[PDB]
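Beneath this line is the structure, given in structure tokens, with notes to follow.
Order of the sequence lines fixes the chain letters, A, B, ..., with proteins taken first and strands second; residue numbering starts at 1 for each chain. Counting starts at 1 for both ligands and their atoms, in listed order. Values below: all heavy atoms of this structure, side chains included; hydrogens, waters and symmetry mates excluded.
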Amino acid sequence: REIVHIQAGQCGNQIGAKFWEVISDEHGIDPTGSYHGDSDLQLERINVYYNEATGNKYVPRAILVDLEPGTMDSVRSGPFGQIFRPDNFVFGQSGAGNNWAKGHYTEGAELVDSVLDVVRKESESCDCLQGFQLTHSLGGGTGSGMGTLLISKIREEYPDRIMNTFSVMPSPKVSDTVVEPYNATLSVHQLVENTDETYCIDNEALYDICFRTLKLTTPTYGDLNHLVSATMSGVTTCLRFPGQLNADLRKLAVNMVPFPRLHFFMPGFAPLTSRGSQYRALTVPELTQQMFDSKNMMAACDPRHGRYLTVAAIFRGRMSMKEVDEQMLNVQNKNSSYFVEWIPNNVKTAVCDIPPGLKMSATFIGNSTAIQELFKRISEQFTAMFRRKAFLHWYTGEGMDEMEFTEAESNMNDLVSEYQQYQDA
Amino acid sequence: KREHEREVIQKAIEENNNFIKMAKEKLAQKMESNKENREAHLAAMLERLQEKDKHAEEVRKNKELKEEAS
Ligand SMILES: Nc1nc2c(ncn2[C@@H]2O[C@H](COP(=O)(O)OP(=O)(O)O)[C@@H](O)[C@H]2O)c(=O)[nH]1
Ligand SMILES: [Mg+2]
Ligand SMILES: [Mg+2]
């Protein structure tokens with residue numbers, strides 16, 4: 001059961017490169033692609049993310065996309081840069097200028113067919129393809145515009161497969177341009193229609209965690225990417241190691257998505273580490289309380305402001321399964337109002353013996369109605385500019401029409417009202 | 001959706017090409033109309049000066065008439 005990984009744009013390639021470095025270490029794969037691990041329980045499901053090449057080499061089933069060579073040249077030089085298939089680097093020369101329209105309609109449309117040729121080649125060499133996972137940001141131009149363009153084209157060619165994304169939401173606290181609410185709203189509109197599951201990784205939440213919790217006053221993208229790669233590792237553990245719960249993308253979607261449009265997940269992680277941090281190993285009760293706390297959410301939403309439709313918890317490392325079950329049952333009994341009563345047993349728990357890194361950790365995946373706070377924040381920012389048609393010339397100049405913006409704004413407002421409807425049920 | 005994707009890029013081409021077209025024609029019209037205006041200003045100026053020479057020839061002739069009828 002193979003997954004085809006695609007990473008697009010600066011953010012998509014930076015978080016994507018970290019994800020591959022992290023899991024390559026976990027699976028005992030070195031930068032040359034050779035296996036040198038101390039367990040085989042690393043190679044049991046290695047084929048989910050890696051292909052097997054000539055001299056017993058494991059090659060990531062990853063496709064690196066960007067309209068600018070810069071970020072991809074940085075990857076090719078980084079630690080695990082040589083692990084990727086050289087043919088799978090697909091890049092243009094004229095970037096996207098943080099413009100969704102350029103990535104989706106003009107610059108991106110010129111490069112998209114060559115990317116699909118690589119996607120097709122990777123798919124044809126799959127015994128049984130489960131689907132695709134895309135890493136990207138929604139505030140830029142390549143990952144946002146060209147990424148959603150790729151999703152649309154892939155869906156047309158593989159309508160019966162799962163489309164999963166790790167989508168980095170933009171925030172004024174960690175911003176590159178004022179047009180981020182435009183790019184994000186346009187991308188969310190695409191995501192609501194063409195993805196089965198999206199992990200909402202909020203830069204606002206990643207910033208507040210680094211600043212308020214870790215006390216990293218003046219955090220860098222590297223600091224935010226430390227949390228991201230750790231969360232990405234946790235949420236994909238069930239797909240990379242032998243397990244019974246959410247072992248593939250489809251079963252995960254069936255367990256987590258009660259309504260087709262409501263597929264935006266709020267990840268959580270514990271303990272919150274800081275690059276090069278100190279000594280203790282968090283008890284099971286401590287892991288559980290933290291992963292459910294607003295301060296550990298990777299989306300800037302207060303779960304106490306909504307209700308959980310479904311939840312998937314994953315514990316990693318050697319620990320008491322009896323204690324895990326007691327702690328998991330306790331969080332629900334102590335906060336039963338924040339879990340919808342009309343979805344019985346909506347909190348599932350998995351445990352993996354192999355820890356990340358750390359001695360023991362816990363990853364949370366929640367489909368909460370509080371996620372509307374993220375879409376409300378973006379919608380507010382989008383409307384503040386769209387109301388006065390600010391910066392629209394950059395988009396209309398690429399061929400886009402104002403009607404397209406009105407539809408994206410409306411679809412996202414509908415998404416918010418749908419999340420609110422199920423919160424009042 | 002593919003249909004709209006093609007309509008967007010073609011709309012962008014049709015607008016830039018049409019803008020380049022109009023600018024080219026308006027610039028050529030301005031440079032031409034300017035050439036006509038400047039040349040007209042010089043033509044009228046020379047016409048005024050020529051009318052002044054025609055008047056000097058008529059003065060020299062008007063003296064020729066008075067000298068003979070003296
Ligand atoms: N977490 C994270 N966010 C990033 C990173 N680089 C850019 N961003 C965010 O992504 C958006 C910009 O998109 P980017 O990936 O730079 O541009 P693209 O090349 O057009 O896809 C903004 O919202 C940034 O805050 C990164 O490495 N990590
Ligand atoms: Mg990106
Ligand atoms: Mg982007």
Side-chain angles (χ1 to χ4, degrees), chain A residues 5-21 62-75 78 90-108 111 115 133-151 165-188 190-191 198-211 216 219-232 267 275 298-300 374 377-378 381-382 394-395 398:
Chain A
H5 175 274
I6 305 174
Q7 46 186 69
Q10 178 181 55
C11 179
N13 279 278
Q14 275 166 0
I15 72 176
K18 288 292 155 194
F19 169 75
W20 284 106
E21 290 185 33
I63 299 173
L64 299 86
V65 178
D66 206 349
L67 292 159
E68 207 132 47
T71 308
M72 287 178 48
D73 288 337
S74 73
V75 168
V90 181
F91 59 103
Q93 297 288 332
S94 50
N98 286 50
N99 192 319
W100 191 88
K102 288 192 177 203
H104 201 264
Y105 291 122
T106 330
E107 311 296 332
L111 184 62
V115 177
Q133 75 170 35
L134 176 84
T135 63
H136 69 148
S137 60
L138 306 187
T142 311
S144 190
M146 195 189 177
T148 60
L149 173 65
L150 276 173
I151 290 173
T165 78
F166 290 83
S167 305
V168 182
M169 310 286 177
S171 164
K173 301 176 187 178
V174 213
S175 92
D176 282 6
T177 177
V178 283
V179 299
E180 286 170 352
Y182 280 159
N183 302 333
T185 296
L186 290 169
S187 295
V188 168
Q190 300 286 85
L191 297 175
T198 285
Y199 293 104
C200 295
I201 299 159
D202 195 345
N203 268 162
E204 178 139 321
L206 299 175
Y207 173 82
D208 293 346
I209 288 169
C210 288
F211 187 90
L216 265 47
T220 69
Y221 279 126
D223 290 333
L224 304 193
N225 295 343
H226 172 56
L227 280 43
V228 172
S229 67
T231 300
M232 290 188 66
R275 286 189 287 153
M298 309 292 165
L374 180 154
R377 190 185 73 235
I378 299 186
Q381 301 181 75
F382 172 96
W394 302 123
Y395 296 86
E398 298 297 310

So is there a nitrogen or oxygen of A/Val174 less than 3.5 Å from a nitrogen or oxygen in ligand 1? yes

Parallel, tilted or perpendicular: which fits the ring planes of A/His5 and A/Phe19, with parallel below 30° and perpendicular above 60°? parallel

Step-by-step side chain to side chain contact (heavy atoms under 4.5 Å, CB included) determination, A/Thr106 to A/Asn99: CA-CA 10 Å; A/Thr106 330; A/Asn99 192 319; over 6 Å; no

Can you name the closest pair of heavy atoms from A/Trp100 and A/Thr148 and give their distance? NE1-OG1, 3.5 Å

pair A/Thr177-A/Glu180: side-chain heavy atoms closer than 4.5 Å: yes

Shortest protein heavy-atom distance from atom 27 (O) of ligand 1, along with the residue and atom involved: A/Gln14 OE1, 2.5 Å

List every atom of ligand 1 that sits less than 4.0 Å from any heavy atom of A/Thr142, numbering the atoms from 1 in the order shown and giving each element. 18 (P), 19 (O), 20 (O), 21 (O)

Atom pair NE2/CD of A/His136 and A/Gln7 - distance to nearest 0.5 Å: 12.0 Å

Check for me: within less than 2.8 Å of the Mg ion (ligand 3), which protein N/O/S atoms show up? A/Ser144 N

Locate the shortest heavy-atom distance separating A/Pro170 from A/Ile378; write the atom from each residue and the value. CD-CD1, 4.2 Å

Would you mind checking which non-hydrogen protein atom is closest to atom 21 (O) of ligand 1, with the distance to 0.1 Å? A/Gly143 N, 2.7 Å

In Å and rounded to the nearest 0.5 Å, what is the CE to CD distance from A/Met146 to A/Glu107? 10.5 Å

From A/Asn225, A/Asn203, A/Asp223 - option closest to atom 9 (C) of ligand 1 by heavy atom: A/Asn203

Could you tell me which residues satisfy ring pair (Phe, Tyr, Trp, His ring centres under 6.0 Å) with A/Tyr221, sequence neighbours excluded, listed by chain and number? none

Got the closest protein heavy atom to atom 24 (C) of ligand 1, with its distance? A/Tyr221 OH, 3.4 Å

of all protein heavy atoms, closest to atom 15 (O) of ligand 1 is A/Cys11 N, 2.6 Å

Nearest to atom 16 (O) of ligand 1, what protein heavy atom do you find, and at what distance? A/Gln10 OE1, 3.0 Å

For ligand 1, which part of A/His136 has a heavy atom less than 4.0 Å away: the side chain, the backbone, both, or neither? neither

Counting from 1 in the order shown, the ligand 1 atoms closer than 4.0 Å to a non-hydrogen atom of A/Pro170 are 23 (O)

Counterpart residues, ring pair (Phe, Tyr, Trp, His ring centres under 6.0 Å), relative to A/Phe166 (two or more places apart): A/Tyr199

Look only at interatomic distance and state if A/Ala8 has a nitrogen or oxygen under 3.5 Å from any nitrogen or oxygen of ligand 1. no

OG1/A/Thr165 to CG/A/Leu138 distance, rounded to the nearest 0.5 angstrom? 7.0 Å

Nearest protein heavy-atom contact for atom 17 (O) of ligand 1: which residue, which atom, what distance? A/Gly140 CA, 3.7 Å

Identify the heavy atoms of A/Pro267 and A/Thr231 that sit nearest to each other, and give their distance. CB-CG2, 3.4 Å

Can you list the atoms of ligand 1 that are under 4.0 Å from a heavy atom of A/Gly141? 18 (P), 20 (O), 21 (O)

So the atoms of ligand 1 within less than 4.0 Å of a heavy atom of A/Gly9 turn out to be 19 (O), 21 (O)

Closest heavy-atom contact between A/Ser144 and A/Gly140? CB-O, 3.4 Å

Is there any N or O on A/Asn98 that sits under 3.5 Å from an N or O of ligand 1? no

From A/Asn98 CG over to A/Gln10 CD, what is the distance, rounded to the nearest 0.5 angstrom? 8.0 Å

Throw together a table of side-chain donor-acceptor distances under 3.5 angstrom for residues 62-73 of chain A, partners on residues two or more places apart or in other chains.
unit_1, atom_1, unit_2, atom_2, d
A/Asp66, OD1, A/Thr142, OG1, 3.4
A/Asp73, OD1, A/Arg76, NH2, 2.9

Nearest neighbour in protein (non-hydrogen) for atom 11 (C) of ligand 1: A/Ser137 OG, 3.6 Å

Which heavy atom of the protein is the closest neighbour of atom 22 (C) of ligand 1, given with residue, atom name and distance? A/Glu180 OE2, 3.3 Å

